[PDB]
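What follows is the content of start_10.cif (mmCIF, C-alpha atoms and all ligand atoms).
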data_protein
#
loop_
_atom_site.label_atom_id
_atom_site.label_comp_id
_atom_site.auth_asym_id
_atom_site.auth_seq_id
_atom_site.Cartn_x
_atom_site.Cartn_y
_atom_site.Cartn_z
CA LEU Q 1 121.94 -106.13 -77.46
CA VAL Q 2 119.89 -109.34 -77.50
CA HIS Q 3 121.00 -112.88 -78.42
CA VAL Q 4 118.07 -115.27 -78.71
CA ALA Q 5 118.83 -119.01 -78.51
CA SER Q 6 117.78 -120.75 -81.74
CA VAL Q 7 117.77 -124.54 -81.71
CA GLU Q 8 119.78 -126.09 -84.56
CA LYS Q 9 117.15 -127.06 -87.06
CA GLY Q 10 115.24 -130.21 -86.10
CA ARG Q 11 117.78 -131.26 -83.44
CA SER Q 12 116.87 -132.73 -80.06
CA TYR Q 13 118.48 -134.31 -76.99
CA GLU Q 14 119.64 -137.42 -78.81
CA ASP Q 15 121.53 -135.37 -81.41
CA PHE Q 16 123.48 -133.56 -78.71
CA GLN Q 17 124.08 -136.79 -76.76
CA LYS Q 18 125.78 -138.08 -79.92
CA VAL Q 19 128.06 -135.04 -79.97
CA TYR Q 20 128.76 -135.47 -76.25
CA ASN Q 21 129.61 -139.10 -76.89
CA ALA Q 22 132.00 -138.27 -79.75
CA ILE Q 23 133.82 -135.76 -77.54
CA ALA Q 24 133.91 -138.21 -74.63
CA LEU Q 25 135.22 -141.07 -76.80
CA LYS Q 26 137.97 -138.82 -78.17
CA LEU Q 27 138.88 -137.75 -74.62
CA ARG Q 28 139.35 -141.43 -73.82
CA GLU Q 29 141.32 -142.10 -77.03
CA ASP Q 30 143.74 -139.17 -77.07
CA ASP Q 31 145.11 -139.94 -73.64
CA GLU Q 32 148.75 -138.95 -74.06
CA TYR Q 33 148.21 -135.20 -74.42
CA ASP Q 34 150.12 -133.01 -71.89
CA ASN Q 35 152.03 -135.86 -70.26
CA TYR Q 36 148.95 -138.06 -69.99
CA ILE Q 37 146.68 -135.48 -68.44
CA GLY Q 38 144.47 -135.76 -71.52
CA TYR Q 39 142.37 -132.96 -73.04
CA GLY Q 40 139.80 -132.65 -70.27
CA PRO Q 41 141.29 -129.68 -68.42
CA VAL Q 42 142.09 -127.63 -71.52
CA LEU Q 43 138.49 -128.16 -72.79
CA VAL Q 44 137.14 -126.81 -69.47
CA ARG Q 45 139.42 -123.83 -69.73
CA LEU Q 46 138.35 -123.26 -73.36
CA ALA Q 47 134.64 -123.26 -72.35
CA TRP Q 48 135.41 -120.73 -69.60
CA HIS Q 49 137.49 -118.43 -71.84
CA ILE Q 50 134.93 -118.28 -74.63
CA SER Q 51 132.30 -117.40 -71.98
CA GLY Q 52 134.43 -115.13 -69.82
CA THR Q 53 134.65 -112.37 -72.42
CA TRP Q 54 131.08 -111.45 -71.53
CA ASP Q 55 130.25 -107.95 -70.31
CA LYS Q 56 126.89 -107.66 -68.49
CA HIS Q 57 126.76 -103.93 -69.22
CA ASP Q 58 126.27 -104.19 -72.97
CA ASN Q 59 126.02 -107.96 -73.65
CA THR Q 60 129.19 -108.00 -75.73
CA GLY Q 61 131.36 -111.10 -75.69
CA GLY Q 62 130.06 -114.33 -74.15
CA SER Q 63 129.65 -117.83 -75.56
CA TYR Q 64 126.74 -117.16 -77.90
CA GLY Q 65 128.56 -116.02 -81.04
CA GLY Q 66 131.32 -118.60 -81.18
CA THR Q 67 133.80 -115.81 -81.85
CA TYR Q 68 136.88 -117.71 -80.58
CA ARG Q 69 137.03 -119.11 -84.15
CA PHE Q 70 138.24 -115.65 -85.32
CA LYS Q 71 141.91 -114.71 -85.22
CA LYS Q 72 141.59 -111.70 -82.92
CA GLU Q 73 140.22 -113.90 -80.13
CA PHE Q 74 142.11 -117.08 -81.03
CA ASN Q 75 145.33 -115.04 -80.73
CA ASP Q 76 144.47 -113.30 -77.44
CA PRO Q 77 147.57 -113.73 -75.23
CA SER Q 78 145.14 -114.78 -72.45
CA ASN Q 79 144.11 -117.71 -74.65
CA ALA Q 80 147.56 -119.11 -75.25
CA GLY Q 81 147.40 -122.90 -75.18
CA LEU Q 82 143.69 -123.14 -75.97
CA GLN Q 83 144.48 -123.85 -79.62
CA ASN Q 84 145.06 -127.42 -78.39
CA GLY Q 85 141.41 -127.62 -77.33
CA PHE Q 86 140.25 -126.09 -80.61
CA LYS Q 87 142.24 -128.65 -82.57
CA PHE Q 88 140.77 -131.46 -80.46
CA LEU Q 89 137.26 -130.25 -81.33
CA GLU Q 90 137.97 -129.91 -85.07
CA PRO Q 91 137.13 -133.54 -86.03
CA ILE Q 92 134.04 -133.31 -83.85
CA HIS Q 93 132.86 -130.25 -85.74
CA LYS Q 94 133.63 -132.00 -89.05
CA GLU Q 95 131.50 -134.99 -88.06
CA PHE Q 96 128.68 -132.77 -86.77
CA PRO Q 97 128.82 -129.66 -88.94
CA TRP Q 98 125.32 -128.63 -87.84
CA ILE Q 99 126.32 -127.69 -84.27
CA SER Q 100 127.14 -124.02 -83.76
CA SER Q 101 130.63 -123.09 -82.64
CA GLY Q 102 129.47 -121.68 -79.29
CA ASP Q 103 127.39 -124.79 -78.64
CA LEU Q 104 130.40 -126.99 -79.46
CA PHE Q 105 132.89 -125.08 -77.27
CA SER Q 106 130.54 -124.97 -74.32
CA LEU Q 107 129.47 -128.61 -74.73
CA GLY Q 108 133.17 -129.52 -74.80
CA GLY Q 109 133.52 -128.08 -71.32
CA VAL Q 110 130.43 -129.83 -70.00
CA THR Q 111 131.55 -133.16 -71.49
CA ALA Q 112 135.02 -132.79 -69.97
CA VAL Q 113 133.71 -131.98 -66.48
CA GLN Q 114 131.33 -134.95 -66.50
CA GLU Q 115 133.77 -137.43 -68.02
CA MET Q 116 136.36 -136.39 -65.35
CA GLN Q 117 133.77 -137.57 -62.74
CA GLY Q 118 132.55 -134.05 -61.96
CA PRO Q 119 128.96 -133.00 -61.37
CA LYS Q 120 126.28 -133.19 -64.03
CA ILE Q 121 126.12 -129.83 -65.76
CA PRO Q 122 122.75 -129.06 -67.42
CA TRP Q 123 123.35 -127.65 -70.87
CA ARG Q 124 121.19 -125.74 -73.32
CA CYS Q 125 121.58 -125.56 -77.08
CA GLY Q 126 120.92 -122.68 -79.43
CA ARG Q 127 123.99 -120.45 -79.53
CA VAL Q 128 124.27 -118.99 -83.10
CA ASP Q 129 127.53 -118.07 -84.87
CA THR Q 130 127.93 -114.29 -85.26
CA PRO Q 131 130.26 -112.46 -87.69
CA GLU Q 132 133.92 -111.51 -87.26
CA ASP Q 133 133.13 -107.91 -86.34
CA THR Q 134 131.30 -109.16 -83.19
CA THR Q 135 134.53 -110.60 -81.74
CA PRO Q 136 135.38 -108.95 -78.39
CA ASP Q 137 138.76 -107.20 -78.08
CA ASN Q 138 141.56 -108.84 -76.10
CA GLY Q 139 141.92 -107.99 -72.41
CA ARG Q 140 138.58 -109.14 -70.95
CA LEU Q 141 139.95 -112.28 -69.26
CA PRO Q 142 141.48 -111.98 -65.76
CA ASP Q 143 145.07 -111.43 -64.67
CA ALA Q 144 146.62 -113.99 -62.29
CA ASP Q 145 149.04 -111.71 -60.42
CA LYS Q 146 146.36 -109.80 -58.51
CA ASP Q 147 144.59 -109.87 -55.13
CA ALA Q 148 141.11 -110.66 -53.78
CA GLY Q 149 139.68 -107.22 -54.42
CA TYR Q 150 140.69 -107.52 -58.08
CA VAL Q 151 139.07 -110.97 -58.34
CA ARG Q 152 135.85 -109.73 -56.72
CA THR Q 153 135.57 -106.68 -58.95
CA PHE Q 154 136.52 -108.66 -62.07
CA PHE Q 155 133.77 -111.19 -61.60
CA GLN Q 156 131.08 -108.54 -61.04
CA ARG Q 157 131.35 -107.92 -64.82
CA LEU Q 158 130.25 -111.58 -65.30
CA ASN Q 159 127.45 -111.15 -62.75
CA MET Q 160 129.10 -113.59 -60.32
CA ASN Q 161 129.01 -113.19 -56.52
CA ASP Q 162 131.48 -114.45 -53.90
CA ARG Q 163 130.10 -118.00 -53.70
CA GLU Q 164 129.96 -118.32 -57.49
CA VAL Q 165 133.55 -117.11 -57.81
CA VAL Q 166 134.92 -119.46 -55.20
CA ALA Q 167 132.96 -122.38 -56.72
CA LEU Q 168 134.17 -121.66 -60.26
CA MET Q 169 137.80 -121.45 -59.09
CA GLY Q 170 137.56 -125.05 -57.94
CA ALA Q 171 138.18 -125.98 -61.57
CA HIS Q 172 141.82 -125.24 -60.75
CA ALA Q 173 141.92 -128.75 -59.33
CA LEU Q 174 142.31 -129.72 -63.01
CA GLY Q 175 145.31 -129.76 -65.28
CA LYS Q 176 148.30 -127.47 -64.80
CA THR Q 177 149.87 -124.18 -65.72
CA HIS Q 178 152.51 -124.09 -68.47
CA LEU Q 179 155.30 -121.54 -68.34
CA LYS Q 180 155.24 -120.94 -72.09
CA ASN Q 181 151.50 -120.23 -72.11
CA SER Q 182 150.97 -118.05 -69.07
CA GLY Q 183 154.25 -117.42 -67.26
CA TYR Q 184 153.38 -119.82 -64.41
CA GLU Q 185 155.27 -123.03 -63.63
CA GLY Q 186 153.02 -126.07 -63.40
CA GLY Q 187 152.88 -128.24 -60.31
CA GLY Q 188 151.23 -131.54 -59.43
CA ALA Q 189 148.34 -132.21 -61.82
CA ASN Q 190 145.18 -134.34 -61.99
CA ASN Q 191 142.42 -135.09 -64.49
CA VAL Q 192 139.73 -136.11 -62.01
CA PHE Q 193 137.24 -133.42 -60.86
CA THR Q 194 137.20 -133.17 -57.04
CA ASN Q 195 137.16 -130.50 -54.34
CA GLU Q 196 140.91 -130.86 -53.82
CA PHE Q 197 141.64 -127.24 -54.82
CA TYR Q 198 140.11 -126.16 -51.51
CA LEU Q 199 141.79 -128.91 -49.46
CA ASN Q 200 145.15 -127.99 -51.00
CA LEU Q 201 144.64 -124.27 -50.22
CA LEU Q 202 143.89 -125.06 -46.56
CA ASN Q 203 146.25 -127.97 -45.89
CA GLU Q 204 149.48 -127.39 -47.81
CA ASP Q 205 152.48 -125.45 -46.57
CA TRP Q 206 152.64 -122.65 -49.14
CA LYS Q 207 155.79 -120.68 -49.99
CA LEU Q 208 155.80 -117.52 -52.11
CA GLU Q 209 158.44 -118.12 -54.79
CA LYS Q 210 159.55 -116.70 -58.11
CA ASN Q 211 159.34 -118.95 -61.15
CA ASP Q 212 161.60 -118.97 -64.21
CA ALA Q 213 159.49 -116.30 -65.91
CA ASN Q 214 160.20 -114.04 -62.89
CA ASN Q 215 156.55 -114.18 -61.73
CA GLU Q 216 155.49 -114.92 -58.14
CA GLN Q 217 153.47 -118.04 -57.39
CA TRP Q 218 152.76 -120.08 -54.26
CA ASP Q 219 154.41 -123.50 -54.16
CA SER Q 220 154.29 -126.44 -51.78
CA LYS Q 221 156.87 -129.16 -51.12
CA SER Q 222 154.27 -131.69 -52.26
CA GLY Q 223 154.65 -130.17 -55.72
CA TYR Q 224 151.40 -128.18 -55.83
CA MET Q 225 151.09 -124.54 -56.88
CA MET Q 226 148.62 -121.67 -56.56
CA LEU Q 227 148.38 -118.45 -58.53
CA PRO Q 228 148.28 -115.19 -56.53
CA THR Q 229 144.56 -114.95 -57.41
CA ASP Q 230 143.99 -118.51 -56.09
CA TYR Q 231 145.79 -117.76 -52.84
CA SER Q 232 143.72 -114.57 -52.47
CA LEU Q 233 140.77 -116.83 -51.70
CA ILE Q 234 142.31 -117.66 -48.32
CA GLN Q 235 143.60 -114.12 -47.66
CA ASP Q 236 140.14 -112.52 -47.90
CA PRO Q 237 137.97 -113.50 -44.93
CA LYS Q 238 134.75 -113.77 -46.99
CA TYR Q 239 136.33 -116.02 -49.59
CA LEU Q 240 138.04 -118.04 -46.85
CA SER Q 241 134.74 -119.02 -45.26
CA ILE Q 242 133.50 -120.42 -48.59
CA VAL Q 243 136.77 -122.22 -49.25
CA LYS Q 244 136.35 -123.98 -45.92
CA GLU Q 245 132.77 -124.87 -46.77
CA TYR Q 246 133.72 -126.53 -50.07
CA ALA Q 247 136.77 -128.24 -48.50
CA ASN Q 248 134.36 -129.90 -46.09
CA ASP Q 249 131.42 -130.74 -48.36
CA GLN Q 250 132.12 -132.40 -51.72
CA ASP Q 251 128.45 -132.56 -52.68
CA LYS Q 252 127.85 -128.89 -51.94
CA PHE Q 253 130.86 -127.92 -54.04
CA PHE Q 254 129.57 -130.09 -56.91
CA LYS Q 255 126.08 -128.60 -56.79
CA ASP Q 256 127.33 -125.01 -56.59
CA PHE Q 257 129.92 -125.52 -59.30
CA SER Q 258 127.30 -127.04 -61.61
CA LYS Q 259 125.02 -124.01 -61.18
CA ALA Q 260 127.79 -121.44 -61.58
CA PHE Q 261 129.35 -123.16 -64.61
CA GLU Q 262 126.01 -123.46 -66.41
CA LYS Q 263 125.36 -119.80 -65.62
CA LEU Q 264 128.79 -118.81 -66.95
CA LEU Q 265 128.18 -120.74 -70.19
CA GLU Q 266 124.72 -119.19 -70.60
CA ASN Q 267 125.45 -115.55 -69.74
CA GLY Q 268 124.24 -113.22 -72.48
CA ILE Q 269 121.69 -115.65 -73.96
CA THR Q 270 117.94 -115.11 -74.01
CA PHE Q 271 116.09 -118.45 -73.98
CA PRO Q 272 112.54 -118.27 -75.44
CA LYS Q 273 109.78 -119.39 -73.06
CA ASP Q 274 109.15 -122.41 -75.33
CA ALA Q 275 112.84 -123.38 -75.68
CA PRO Q 276 113.68 -126.98 -74.74
CA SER Q 277 114.51 -127.65 -71.09
CA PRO Q 278 118.23 -127.97 -70.30
CA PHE Q 279 119.73 -131.32 -71.28
CA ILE Q 280 121.52 -133.58 -68.80
CA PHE Q 281 123.78 -135.87 -70.76
CA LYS Q 282 124.65 -139.38 -69.68
CA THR Q 283 128.32 -140.19 -69.28
CA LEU Q 284 129.93 -142.92 -71.35
CA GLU Q 285 130.12 -144.94 -68.15
CA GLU Q 286 126.39 -144.56 -67.52
CA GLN Q 287 125.67 -145.70 -71.11
CA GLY Q 288 127.93 -148.76 -70.91
CA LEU Q 289 130.08 -147.26 -73.68
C1 LIG J 1 140.78 -115.10 -61.45
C2 LIG J 1 140.35 -116.08 -62.26
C3 LIG J 1 141.28 -116.98 -63.05
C4 LIG J 1 142.57 -116.81 -63.39
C5 LIG J 1 143.46 -115.59 -63.11
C6 LIG J 1 143.01 -117.96 -64.11
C7 LIG J 1 144.27 -118.19 -64.64
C8 LIG J 1 144.75 -119.35 -65.16
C9 LIG J 1 146.06 -119.59 -65.66
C10 LIG J 1 147.18 -118.53 -65.68
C11 LIG J 1 146.14 -120.86 -66.12
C12 LIG J 1 147.31 -121.60 -66.77
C13 LIG J 1 147.21 -121.53 -68.30
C14 LIG J 1 148.39 -122.27 -68.88
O1 LIG J 1 149.55 -121.92 -68.54
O2 LIG J 1 148.20 -123.24 -69.64
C15 LIG J 1 144.85 -121.45 -65.89
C16 LIG J 1 144.50 -122.76 -66.18
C17 LIG J 1 143.24 -123.34 -66.05
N1 LIG J 1 142.10 -122.64 -65.70
FE1 LIG J 1 142.06 -120.81 -64.81
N2 LIG J 1 141.94 -118.85 -64.19
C18 LIG J 1 140.86 -118.27 -63.57
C19 LIG J 1 139.59 -118.84 -63.46
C20 LIG J 1 139.21 -120.06 -64.02
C21 LIG J 1 137.86 -120.53 -64.08
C22 LIG J 1 136.66 -119.70 -63.63
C23 LIG J 1 137.88 -121.75 -64.67
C24 LIG J 1 136.69 -122.66 -65.04
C25 LIG J 1 135.60 -122.82 -64.30
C26 LIG J 1 139.26 -122.09 -64.95
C27 LIG J 1 139.74 -123.26 -65.47
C28 LIG J 1 141.06 -123.57 -65.71
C29 LIG J 1 141.61 -124.86 -66.08
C30 LIG J 1 140.76 -126.14 -66.16
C31 LIG J 1 142.93 -124.75 -66.28
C32 LIG J 1 143.95 -125.83 -66.66
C33 LIG J 1 144.18 -125.85 -68.17
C34 LIG J 1 145.18 -126.88 -68.63
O3 LIG J 1 145.53 -127.79 -67.85
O4 LIG J 1 145.61 -126.81 -69.82
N3 LIG J 1 140.04 -121.00 -64.57
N4 LIG J 1 144.02 -120.50 -65.34
#
If you convert what's in this file into structure tokens, what do you get?
Ligand code: HEM
Amino acid sequence: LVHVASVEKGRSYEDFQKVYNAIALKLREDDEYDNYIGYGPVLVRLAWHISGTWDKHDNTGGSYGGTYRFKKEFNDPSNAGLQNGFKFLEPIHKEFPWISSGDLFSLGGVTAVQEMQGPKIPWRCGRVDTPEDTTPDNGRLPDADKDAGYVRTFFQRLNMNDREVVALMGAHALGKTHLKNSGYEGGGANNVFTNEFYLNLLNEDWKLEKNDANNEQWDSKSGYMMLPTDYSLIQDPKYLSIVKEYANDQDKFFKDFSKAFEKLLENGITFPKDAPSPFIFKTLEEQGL
């Protein structure tokens, strides 16, 4: 099964920079969402969930088809809460009806990472909407109550190795969990992209507690939390080494995250040899906007 990137007709870097800018300006404007976290974190999660349905074995799922717009995927219990990100992106799509849904969802994640002071994430256009019958079934996104061996095996389906997994998980510096969405009680939250997920794993005094949904999570007195799958990264000796690396090298974390996140958002897509090079968008701050 082959999905060939097809550039939206006549569009070029400047068109997509305009879409980036509209997303970034709305991120600035709609600042009260989720107790003043803003929409950044949920847009990153949305980009990951529309990509994380991919299966390397048959090239089903993945970001290309934009299938999150269909009820089966929109209503996946694993996607609870992401409707907020979809609703955020609705006026963007109305202003720019030419961008494909997969391009918009993935660009939302890139824009959020960069605007939250994260690394530059190169981004490629050309995802094409596919029909409702191409929507992947529920159950392809990962469980949080599991251990390191589960995480490692899960991410093999996405063609990610240990370093790529530990880098991607650093996005859990962002935002919070919400009991009503996922059965996990949120702790201290931020909307600035840093390597503090790794520092928190290594430096906090973690206690294994039960939350009000009767699920186990790791909590600290500082008010931070970790899922069992997060904490597995310091229980497994191979993951632990990489956690320590990223805790001690911000730039390395940024560079590895940027590569893994672009890869995640591009899995499943065949780019023609003459496709445009990846775009690196300027932030609002870099543009003086
Ligand atoms: C084993 C892998 C993973 C598991 C089990 C997992 C699970 C979860 C859960 C349960 C939540 C809370 C949802 C809610 O209650 O609102 C969450 C939030 C989040 N996840 Fe993950 N996740 C994983 C990997 C990732 C990856 C790879 C990324 C992106 C690179 C990511 C980005 C985020 C973000 C940014 C949030 C915060 C959303 C918000 O504040 O609304 N996650 N994740």
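Atom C30 of ligand LIG 1 (chain J) is found 22.2 Å from CA of residue 127 (chain Q).
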Tell me, as a list in words, which residues lie within 7 Å of residue 206 (chain Q), counting only C-alpha atoms; anything in the same chain fewer than 3 positions away does not count.
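Within the cut-off, the hits are residues 218, 219 and 220 of chain Q.
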Serialized selection, C-alpha atoms, as a short mmCIF file (atom, residue, chain, number, x, y, z; two decimals), in the frame of the given file:
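Final output, saved to again-v5.cif:
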data_model
loop_
_atom_site.label_atom_id
_atom_site.label_comp_id
_atom_site.auth_asym_id
_atom_site.auth_seq_id
_atom_site.Cartn_x
_atom_site.Cartn_y
_atom_site.Cartn_z
CA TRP Q 218 152.76 -120.08 -54.26
CA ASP Q 219 154.41 -123.50 -54.16
CA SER Q 220 154.29 -126.44 -51.78
#
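Nearest-residue note for residue 235 (chain Q): choosing from Q:278, Q:262, Q:149, Q:157, the minimum distance belongs to Q:149, counting all atoms listed in the file.
The residue that comes closest to residue 144 (chain Q), out of Q:190, Q:200, Q:78, Q:156 and on the basis of only C-alpha atoms, is Q:78.
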So, with all atoms listed in the file as the atoms that count, which of Q:189, Q:25, Q:19, Q:121 lies closest to ligand LIG 1 (chain J)?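 Closest to ligand LIG 1 (chain J) of all the choices is Q:189.
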Taking (124.8, -136.7, -68.7) in the file's coordinates, which residues come within 12 Å, counting all atoms listed in the file, written as a compact mmCIF listing (two decimals) with C-alpha atoms, in the frame of the given file?
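part-v3.txt, freshly written:
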# COMPACT_ATOMS: atom_id res chain seq x y z
CA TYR Q 13 118.48 -134.31 -76.99
CA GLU Q 14 119.64 -137.42 -78.81
CA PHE Q 16 123.48 -133.56 -78.71
CA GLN Q 17 124.08 -136.79 -76.76
CA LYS Q 18 125.78 -138.08 -79.92
CA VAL Q 19 128.06 -135.04 -79.97
CA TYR Q 20 128.76 -135.47 -76.25
CA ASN Q 21 129.61 -139.10 -76.89
CA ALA Q 24 133.91 -138.21 -74.63
CA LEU Q 107 129.47 -128.61 -74.73
CA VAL Q 110 130.43 -129.83 -70.00
CA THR Q 111 131.55 -133.16 -71.49
CA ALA Q 112 135.02 -132.79 -69.97
CA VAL Q 113 133.71 -131.98 -66.48
CA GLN Q 114 131.33 -134.95 -66.50
CA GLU Q 115 133.77 -137.43 -68.02
CA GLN Q 117 133.77 -137.57 -62.74
CA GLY Q 118 132.55 -134.05 -61.96
CA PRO Q 119 128.96 -133.00 -61.37
CA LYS Q 120 126.28 -133.19 -64.03
CA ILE Q 121 126.12 -129.83 -65.76
CA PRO Q 122 122.75 -129.06 -67.42
CA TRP Q 123 123.35 -127.65 -70.87
CA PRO Q 278 118.23 -127.97 -70.30
CA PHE Q 279 119.73 -131.32 -71.28
CA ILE Q 280 121.52 -133.58 -68.80
CA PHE Q 281 123.78 -135.87 -70.76
CA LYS Q 282 124.65 -139.38 -69.68
CA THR Q 283 128.32 -140.19 -69.28
CA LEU Q 284 129.93 -142.92 -71.35
CA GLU Q 285 130.12 -144.94 -68.15
CA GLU Q 286 126.39 -144.56 -67.52
CA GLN Q 287 125.67 -145.70 -71.11
Correct to one decimal, the distance CA of residue 142 (chain Q)-CA of residue 178 (chain Q) is 16.6 Å
Quiz item: Using only C-alpha atoms, which residue out of Q:81, Q:62, Q:186, Q:223 lies closest to residue 264 (chain Q)?
Solution: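 Between Q:81, Q:62, Q:186, Q:223, the residue approaching residue 264 (chain Q) most closely is Q:62.
Across Q:69, Q:238, Q:56, Q:180, the tightest approach to ligand LIG 1 (chain J) is made by Q:180 when counting all atoms listed in the file.
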For residue 45 (chain Q), the closest of Q:87, Q:263, Q:221, Q:176 counting only C-alpha atoms is Q:176
ask   = Leaving out residue 101 (chain Q) and any residue of its chain fewer than 5 positions from it, which residues lie within 12 Å of it when counting all atoms listed in the file, given as a count of residues only?
value = 28
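Going from CA of residue 211 (chain Q) to CA of residue 179 (chain Q) covers 8.6 Å.
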Report as JSON the centre and the edge lengths, in Å to one decimal, of the axis-aligned box holding every listed atom of region 87-95 of chain Q, padded by 8 Å on each side.
{"center_x": 136.9, "center_y": -131.8, "center_z": -84.8, "size_x": 26.7, "size_y": 22.3, "size_z": 24.6}
